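Shown here is one chain on its own, the form deposited in one PDB entry, set out as structure tokens.
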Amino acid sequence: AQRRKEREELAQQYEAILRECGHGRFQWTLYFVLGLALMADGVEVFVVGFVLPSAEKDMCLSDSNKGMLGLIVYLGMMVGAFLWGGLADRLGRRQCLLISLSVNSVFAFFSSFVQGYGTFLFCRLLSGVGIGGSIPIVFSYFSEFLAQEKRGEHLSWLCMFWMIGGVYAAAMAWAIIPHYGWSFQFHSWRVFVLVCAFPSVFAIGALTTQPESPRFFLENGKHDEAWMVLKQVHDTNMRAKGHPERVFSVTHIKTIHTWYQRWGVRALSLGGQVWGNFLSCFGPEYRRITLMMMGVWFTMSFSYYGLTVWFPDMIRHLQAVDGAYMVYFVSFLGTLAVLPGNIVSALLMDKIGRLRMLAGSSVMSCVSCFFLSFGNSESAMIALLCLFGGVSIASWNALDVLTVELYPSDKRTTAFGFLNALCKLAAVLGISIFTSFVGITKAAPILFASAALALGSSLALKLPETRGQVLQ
């Protein structure tokens, strides 16, 4: 009972300090810096989903190897999400984000020069492992600098960079891969892979300049470092707004108080702490919340990734009844249609609340998925896919905000990483099942996705409201 009281007091004082610091130049600079990593994650997702399964350039593997090539990377993303989310609660958000981005960059760079299918598979798997940790770390890292007044809108604006990365990867694919003349053992897919690694390098370079989260310092006994970071934030914000004469008034902050053999014992202790943090998410205080979160994350991920592999095959069926450029253009349109949903969700998140956003978006996504069964031509299918994505992204934004706000700071990245790993597993399962339903029928995939979305909405209706409360 003592620890909960002390952490509530710390949360109240931290909210007061953030109100004193204000929102301004520092927050937007960090926003762009973390948006770079989100863009890197979007680029990785596009590459894995479209060009990675040897569309035309590689063609050095069997069809079974083509299917495995993507799913193993999704499994690596799941593993990396869990690992880096767990480690971020013990080592820090900035440290683990830097390590994961470095691993992703190194192995993405390595995969460009390898001359073998096995080595390419290994490098892409480890790149996925490195990149899987971005979202859970980034969202918590940015949330730990935001006051409660407009926290939801600021968190929702962060989702634009995933779409930006998808667009960047689509344009680079469109420009590079068809130009086979750029080959010099070397081909154009290697140039594309090399170019796709630039956003991660830029993210690392920018992130080197930003400080560690002061909330992590306060939760771990490092009062002075947190005070220095908060004073830096306050000074930057006040100098930007034209009041450099103002003095940071905070004095004291509530604080929650061979070599390889030592490496081994340290690793064992760290793994034990991570496992304890994971198991504490199923305790009596959080078990019901965690179970409801698992259902909403799983059903939404299962439906989206199931439809997005079913959709291109259905277009191919329509084209039979009626080029890589069409693939690039369709992927670009599908990722571009997300923008209005992101804008509207960012503008309405704090006005109407996370719960109403999630419920309405889930209902609209289910309705649009059911409407997908009425497709009769390529153009109508493209429009319906754009509509579905635009109406569905808002549920993902609201779920990000809820996951950020539903867990305490000492387990936030662990819970987020577990949920993101569950999402990657759901993506794997949905891709496998909807590929197993390639031509057997048409009603069944649509019905399955609609039922999953309805179950997700039903579970989302039962979540608690976190709006208007200090960040626990």
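So that the term is clear: the rigid core is the largest set of C-alpha atoms that superpose within 1.5 Å between two forms. Note that residue numbering begins at 1 and tracks the sequence as displayed.
Another form exists, deposited in another entry; not displayed. Remarks below refer to it.
Candidate set 295, 211, 92, 334; criterion, C-alpha shift of 2 Å or more between this form and the one not shown after rigid-core fit; matching residue, 334. Superposition on the rigid core between this form and the one not shown places the CA atom of residue 54 2 Å or more away from its counterpart. For residue 65, the Cα coordinates differ by 2 angstroms or more between this form and the one not shown after the core has been superposed.
With the core held fixed between this form and the one not shown, residue 179 has its Cα displaced by at least 2 Å. Look at residue 58 and residue 195: in the other entry their Cα atoms move 3 Å or more farther apart than in this form. Figure legend: C-alpha atoms of residue 335 and residue 78, shown here, are separated by at least 3 angstroms more in the other entry.
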